[PDB]
Amino acid sequence: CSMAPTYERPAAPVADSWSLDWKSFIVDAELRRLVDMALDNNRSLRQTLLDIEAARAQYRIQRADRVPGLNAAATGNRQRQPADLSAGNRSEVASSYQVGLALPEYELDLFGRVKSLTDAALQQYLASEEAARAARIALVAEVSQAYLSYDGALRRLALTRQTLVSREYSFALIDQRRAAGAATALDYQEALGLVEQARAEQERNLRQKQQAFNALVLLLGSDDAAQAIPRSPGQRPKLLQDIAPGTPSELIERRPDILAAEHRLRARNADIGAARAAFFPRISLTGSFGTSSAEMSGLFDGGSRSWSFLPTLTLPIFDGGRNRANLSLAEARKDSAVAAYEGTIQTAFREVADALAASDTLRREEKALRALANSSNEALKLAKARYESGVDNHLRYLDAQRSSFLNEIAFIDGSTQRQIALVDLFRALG
Amino acid sequence: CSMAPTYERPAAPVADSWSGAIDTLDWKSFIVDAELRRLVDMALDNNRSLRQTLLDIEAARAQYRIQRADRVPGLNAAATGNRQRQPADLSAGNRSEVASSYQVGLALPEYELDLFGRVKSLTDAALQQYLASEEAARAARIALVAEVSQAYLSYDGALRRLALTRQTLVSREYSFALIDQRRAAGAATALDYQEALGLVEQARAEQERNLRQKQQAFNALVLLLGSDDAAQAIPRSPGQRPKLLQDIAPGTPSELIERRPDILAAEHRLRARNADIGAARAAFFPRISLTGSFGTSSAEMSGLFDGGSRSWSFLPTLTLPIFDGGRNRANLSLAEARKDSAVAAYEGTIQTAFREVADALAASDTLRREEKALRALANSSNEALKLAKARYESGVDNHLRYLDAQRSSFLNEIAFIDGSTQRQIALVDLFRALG
Amino acid sequence: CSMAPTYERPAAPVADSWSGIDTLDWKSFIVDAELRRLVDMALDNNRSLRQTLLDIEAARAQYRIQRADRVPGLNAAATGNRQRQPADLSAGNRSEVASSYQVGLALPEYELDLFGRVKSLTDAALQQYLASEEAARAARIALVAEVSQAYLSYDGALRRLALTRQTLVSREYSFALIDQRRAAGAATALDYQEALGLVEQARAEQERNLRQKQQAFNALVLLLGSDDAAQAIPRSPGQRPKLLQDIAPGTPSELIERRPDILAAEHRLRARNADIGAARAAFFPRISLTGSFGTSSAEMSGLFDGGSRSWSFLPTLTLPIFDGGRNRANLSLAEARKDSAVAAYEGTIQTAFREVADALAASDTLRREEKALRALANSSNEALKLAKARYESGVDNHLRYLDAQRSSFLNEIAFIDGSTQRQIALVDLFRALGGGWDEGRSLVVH
């Protein structure tokens, strides 16, 4: 028999609608190379891989209880008792030695208490493997995001460097106009403030670059992970621009997070089955089988055979209210596993909805960012010539140089924000 | 005879009052917005994080009942058989004897008589942990009331910014069409068209930003509500700005000590450790263990229920340790160290509550003044843009004044929404911090 | 005789250098006398530190508990047993009600660890408390750093406030000139609105700076964790730089030996190497012995009497031929757990490398960024004076003056932010490095 209830999956509390391989997804040959390195060597994932080895050993520990064992023991008992207590009526020293095999307390499994406990340890083992899958998904997504940011930094640094040489050469022209006398002093300072902006932004971009590089070196986790990353990155898109979201129902059966959570609920359901079997009578066997003697010299002799066999049944009648508390505790734990499962679904529903809302917005933004960057860069060139001729003051040209630079960086930003939100979608689906 | 120390509440390590510029009110009294109350009620009834915290109250009660069950004697029905081959030298018969012994009846598992208050201490400890969980749930409740209000205002802000960004986009494209017709004729220069073009392209990108924000804020607000019926519950119209009471009197910190759940839970977790000392104390003293059986027994099975076959056993056992390996002392050291850690915790949560209320107080009077400044700033920019258009229509001034005046009128109007939003979120933070 | 394998330090999983502290302690590192006083104050009365210190005294106790199991105990005891039995079961062949009593010293359940399982469990608990020490060293260094940062943020906010107020008063004077000119008809209504805008920007900025100051203050009060901490925080900026600007990082091989995080993990690893020795010891047989000494009698009166002296002595040996695969599974679990601790030890060093790396990169780039930001600041301030003269002549429209005022104020804030952020990066570097040699022995006070 087994008192564990029948497991029914709780109805997905999310709405029915929203408003596949990692190598297949990650097209870039080097990024995929990097993810393979990280997947092989990342130490946080390695801990989660050894978590499942522990969880397997716990099931193996519980499985051991279902089978009866066999132990070779030797037990001497020597004691001086009073005259008063013994049948002899004169105070005596009694000795008794035993050797041979013995059966440690073995539970007959009529109500499936141990069966149920062994089942729970399986479900947490399986929930550990689903957690290791979730971490694997999370690692690949984190390695990619860190490569996209590293790339995005290098695009900013390259832009800033071409912006710096432009403003440095453009400043040299304004300096010698004042040395002549033709240049305003305000114009000279406004051109200087431009050059320093570029130097300060280059420092910011060098920081972002190397902090992204270090984060990558960590996530790879090799001693040679600094060598493995290319200093000059391939500028082609690294991932599939479009992914179909699918039904939320498919997500529930697909995503490791969900599978880890349902398996926890199954373990908790098995736990109920153990609480129920405690109310029912426990039966157990103890056994000893070997050779008993009165002296050390009489144990390796003929006809010294001896055995003990002890079956015992026991049924709790009165507790302090313990078994019903154990039942109430296992049920509360189960109800939490259900709420956990429901909440884990609802979360995953929100994480993909966010990734879709982002991806829809970011495709539509990046077109506005490019066209503004082109509108700014042409307005820069018109305003350049308007100052350079001498029609308008330096301010318009100055303001256009700021706007050009801001808009061109803000594009590099929103392009990288589009590709990262794409991998966030691949993670959130699973 | 409970050996737990007499519990005195640790003195509060915070200021006797709050620095710079009624708190008996209900959260429904605090939240004037009837829509927001409906959303928060739905969150209260359906959220899963709160559900999980309420359910480990249920766990904590059961754990108390398992310790409370240890206090009272129990009774098992039992049936035990024993068979054994005893050899001649140990046996009374002087020949190899096989003896069986089947017995059946009621039995008493090892019962500890609580003279020294050991088990009562453990039971008081488990009770206190249950009362802590009760307060931990009252906290989780308040946390979620705040999180819903913060999420709903953040969402209300995101659509209110979207609403200005689209109206600005329309007037943006309309003013570009006028410069497009002027440039098509050949009067207006290539730059005045290009500057108006880029600026329309910029306002396109900002609308997308605000769209994503409201969608992400919608999603986060849906999860909080945690219901299948959630998307229907949320308004797409922005409610009237006074969604909560603007004026609250925080009172002293000493009033906060008795009100705020986090603290009261931490106090109960302290009381739990005072008890645990009483258990470690009592373990030094003797332990009186009682077992007993009662019913029938025999050598053969058929004569179990037989006349004059009554067989019982009554075993009291007393044990007191002279020496171990300093374990009982090591166990009292542990319990005293954990008591102290609970005092530090209790005090550490009060200090933390202090910071939180103090931040909320500072934020709320700075954002009041900042809001007035930002509203006045945006209005000067808005009228400065009116005057920059007059200068452009007259032709007396360049496009660049008219460009700066609409960038800065747009940024200042965005910043005012952010500033108005941030203030009322701080009133929620002040409600959250006071408990 | 402990059968656990010989402990060997895992080779460092990162390169031998950083692409381009022993002597330095926190009191040497922090130059400002006022900040030193703040750090001292938090170290005494910080409650999160206090908790991690009491976690050591708890871990010591649990080491003392496992030690206890290693030596034999002895205890006094009084055992009564009254029992009825029928004739068919009694050896006397009659309705017998026999009683017995015992009083005296009992030795319970002592285990001779010939194969050494209990010593290994004692080693595990020893290392756990040695990790608990290192853990609190980290938490203390982290406290130093956190108070330092919170003060540096506090300092910075007072500077932004000072500027904002200076800026603000200039804007109030400038506007009063234009309010008069627009009253006279000498300035345009658009110039008057722009000037009013400038005033409000700085007014709103004042309020932002005040919150920033007060929240950083409230954080400091918390970290100090004292009733009288608020009085101990300086109300005015520290005149000069408050830390040493140039810290030499040393190798990563040195960081392994110094940094608390790494050593905490190392002790935990060594604790799991012991738990393997305990699982290996489970395969060999368990020798348990029990004994008694005292007086026993049939009736309660006869207890303490001549010829009542009774003793008990029973040693058991227990070897399992079959388990259920449990002793194998325990060993597999002990190997798994040890392997996770080794990976944790590696991951800690790797994570320390990233934090150090990020911190030097931050320090060096912010050095140069600050110089550039200083150069940009006073460029925009000189151009402010020129644009002011150019506007006041009537030569230019207001926009050039207005834009210079905006740019100067925004660049001067940006310098304060950048400068304070460099100092916060110097603190982040100190933490990531993890202090000099054996920075703290506040931990071992018992």
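Its PDB header attributes the entry to X-ray crystallography and lists the resolution as 3.10 Å.

*Asks:* Explanation requested: the domain arrangement of chain C in the structure shown.
*Replies:* Size of an interface, as often reported, equals the accessible area lost when the parts are brought together. Residues and elements named next belong to chain C. The assigned domain composition of chain C is domain 1 (1-70 + 113-283 + 326-442) and domain 2 (72-112 + 284-325). A separation of 65 Å is found between the C-alpha centroids of domain 1 and domain 2. On the domain 2 side, the residues contacting the 15 residues of domain 1 number 12 residues. Carbon and sulfur atoms make up 51% of the surface buried where domain 1 meets domain 2, a total of about 1100 Å² over both sides. On the domain 1 side of the interface with domain 2, the three residues burying the most area are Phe115, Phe283 and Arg326, jointly 38% of the side's total. Linking domain 1 with domain 2 are 1 salt bridge. Between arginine 117 and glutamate 111 there is a salt bridge, with the nearest N and O atoms lying 3.5 Å from each other.

*Asks:* I'm lost on the side chain of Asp397(B) in this one. Help?
*Replies:* Its location among the elements puts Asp397(B) in the loop between α9 (327-394) and α10 (399-434). Polar side-chain contacts of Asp397(B) include one of 3.0 Å to the side chain of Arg391(B). Looking at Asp397(B), its side chain comes within polar contact range of the side chain of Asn397(C), at 3.4 Å.

*Asks:* Sorry if this is basic, but what is going on with the interface of chain C and chain B here?
*Replies:* Taken together, the 61 residues of chain C in the interface contact 66 residues of chain B. For the pair chain C and chain B, the summed buried surface comes to about 5200 Å²; carbon and sulfur atoms form 56% of the total. Counting across the chain C and chain B interface gives 8 salt bridges. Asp69(C) serves as the salt-bridge partner of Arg327(B), at 2.8 Å between the closest nitrogen and oxygen. At the junction of chain C with chain B, the criterion picks out 23 residue pairs in polar contact. Among the elements that make up the side of chain C that touches chain B, the one with the highest residue count is helix α5 (residues 189-224) of chain C (19 residues). Where strand β4 (residues 310-323) of chain B lies against strand β1 (residues 74-85) of chain C, 8 bridges are found, and the strand directions are antiparallel. Bridge pairing links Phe314(B) to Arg82(C) in β1(C).

*Asks:* What is the right way to look at the domain arrangement of chain B in this model?
*Replies:* Residues and elements named next belong to chain B. Under the domain assignment used here, chain B contains domain 1 (1-71 + 114-284 + 327-435) and domain 2 (73-113 + 285-326). Computed from C-alpha coordinates alone, the two centres of domain 1 and domain 2 are separated by 65 Å. At the interface, 16 residues of domain 1 touch 13 residues of domain 2. Interface area, domain 1 with domain 2, both sides summed: about 1200 Å², of which 48% is carbon and sulfur. Per-residue buried area on domain 1 facing domain 2 is highest for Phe116, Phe284 and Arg327; these three make up 36% of the total on that side. If you look at where domain 1 meets domain 2, you find 10 residue pairs in polar contact. Taken together, the elements giving at least two residues each to the side of domain 1 that touches domain 2 come down to α4 (118-185), α8 (261-284) and α9. Counted by class, the side of domain 1 that touches domain 2 contains 8 nonpolar, 1 polar and 7 charged residues.

*Asks:* Sorry if this is basic, but what is going on with the packing of aromatic side chains here?
*Replies:* Each aromatic ring pair is specified by the distance between its two centres and by the angle formed by the two planes. The full count for this structure, using the stated rule, is 21 aromatic pairs over all chains. Geometrically, the ring pair formed by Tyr155(B) and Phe218(B) is tilted, given 5.6 Å between the ring centres and 50 degrees between the ring planes. Here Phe218(B) lies in helix α5 (residues 190-225) and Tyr155(B) lies in helix α4, a separation of 63 residues in the sequence. On the accessibility criterion, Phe218(B) (23% relative accessible area) is partly exposed. Judged by centre distance (5.4 Å) and plane angle (10 degrees), the ring pair of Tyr391(C) and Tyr401(C) falls under stacked.

*Asks:* Sorry if this is basic, but what is going on with a nonpolar patch on the surface here?
*Replies:* Where nonpolar side chains cluster on the molecular surface, the patch consists of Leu320(B), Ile322(B), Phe323(B), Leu105(C) and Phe293(C) and spans about 460 Å² of accessible area. Of the residues forming the nonpolar patch, the biggest block, 3 residues, is contributed by β4(B). On the secondary structure map, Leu105(C) appears in strand β2 (residues 96-111). Overall, the relative accessible area of 39% leaves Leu105(C) in the partly exposed class.

*Asks:* Looking at this structure, how should I read the interface of chain B and chain A?
*Replies:* Listed as interface residues are 55 residues of chain B and, on the opposing side, 66 residues of chain A. In total, chain B and chain A occlude about 5100 Å² of area from one another, counting both sides; carbon and sulfur atoms represent 56% of this. Of all residues in chain B, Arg48(B), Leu191(B) and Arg212(B) give up the largest surface area on contact with chain A, accounting jointly for 11% of the area buried on that side. There are 7 salt bridges connecting chain B and chain A. Of the charged contacts, one joins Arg396(A) and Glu195(B) as a salt bridge, the two residues approaching to 3.8 Å between their closest N and O atoms. Taken together, chain B and chain A are joined by 16 residue pairs in polar contact. The set of elements that each furnish at least two residues to the side of chain B that touches chain A consists of α3 (48-70), β1 (75-86), α5 and α10 of chain B. With 20 residues, the top contributor of residues to the side of chain B that touches chain A is α5(B).

*Asks:* Would you explain unusual backbone geometry in this entry?
*Replies:* Working note: non-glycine residues mostly have negative phi, and peptide bonds are mostly trans. Even without being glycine, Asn89(A) reaches a positive phi, approximately 65 degrees. Relative to the assigned elements, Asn89(A) resides in the loop between β1 (70-81) and β2 (92-108). Note on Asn89(A): relative accessible area 46%, which makes it partly exposed. One non-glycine residue, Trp437(C), lies in positive phi territory at about 35 degrees.

*Asks:* What is the right way to look at the pairing of strand β4 (residues 309-322) of chain C in this model?
*Replies:* Successive side chains on a regular strand alternate, one facing one side of the sheet and the next facing the other. In the sheet, β1(A) pairs with β4(C) via 9 bridges, with the strands oriented antiparallel. Directly across from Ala74(A), in β4(C), lies its bridge partner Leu317(C).

*Asks:* Would you mind going over the pattern of salt bridges with me for this structure?
*Replies:* Note on pairing: side chains with opposite charge can pair once their charged atoms come close. Within the structure shown, the criterion is met by 90 salt bridges over all chains. Here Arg400(C) ties to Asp187(A) by a salt bridge, and the two come within 2.8 Å at their closest N and O atoms. Residue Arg400(C) is found in helix α10 (residues 398-433), and its partner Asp187(A) is found in helix α5 (residues 185-220); the two belong to separate chains. In this structure, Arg400(C) and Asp187(A) share a single accessibility class: buried. Residue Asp276(B) pairs with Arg273(B) through a salt bridge whose shortest N-O separation is 3.6 Å. Taken together, the residues span about one helical turn, with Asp276(B) and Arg273(B) both in helix α8 at a distance of 3 residues. Classification of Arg273(B) as partly exposed rests on a relative accessible area of 26%.

*Asks:* What is the right way to look at the sheet that holds β4(B) in this model?
*Replies:* One closed barrel holds the 12 strands; their spatial order is β1(A)-β2(A)-β3(A)-β4(A)-β1(B)-β2(B)-β3(B)-β4(B)-β1(C)-β2(C)-β3(C)-β4(C), and the pairing between them is antiparallel. Averaged over all neighbouring strand pairs, the angle between strand axes comes to 25 degrees, with direction disregarded.

Conventions adopted
Residues numbered from 1 in each chain as written, not as in the entry; some residues may be left out. Chains lettered and ligands numbered in written order. Heavy atoms only, no water. Domains from an automatic or database assignment. Contact = heavy atoms within 4.5 Å. Buried area = accessible area lost by both parts, 1.4 Å probe. Salt bridge = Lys/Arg side-chain N within 4 Å of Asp/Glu carboxyl O. Helix = DSSP H or I, 4+ residues; strand = E, 2+ residues; numbered from the N terminus. Polar contact = N/O pair within 3.5 Å; in protein donor to acceptor, adjacent residues only side chain to side chain. Pairing = 2+ DSSP bridges. Nonpolar A, V, L, I, M, F, W, Y, C, P; charged D, E, K, R; others polar. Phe/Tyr/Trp six-rings, centres within 6.5 Å; stacked < 30°, edge-to-face > 60°. Buried < 20%, exposed > 50% of the residue type's maximum accessible area, 1.4 Å probe, protein only. Patch = residues over 30% accessible without salt bridge, like charges linked within 9 Å, V, L, I, M, F, W, Y side chains within 5 Å. Areas by Shrake-Rupley, 256 points an atom, 1.4 Å probe, with all protein chains shown as cover. Axes fitted to C-alpha atoms, helices over the stretch in contact; angles between N-to-C directions.

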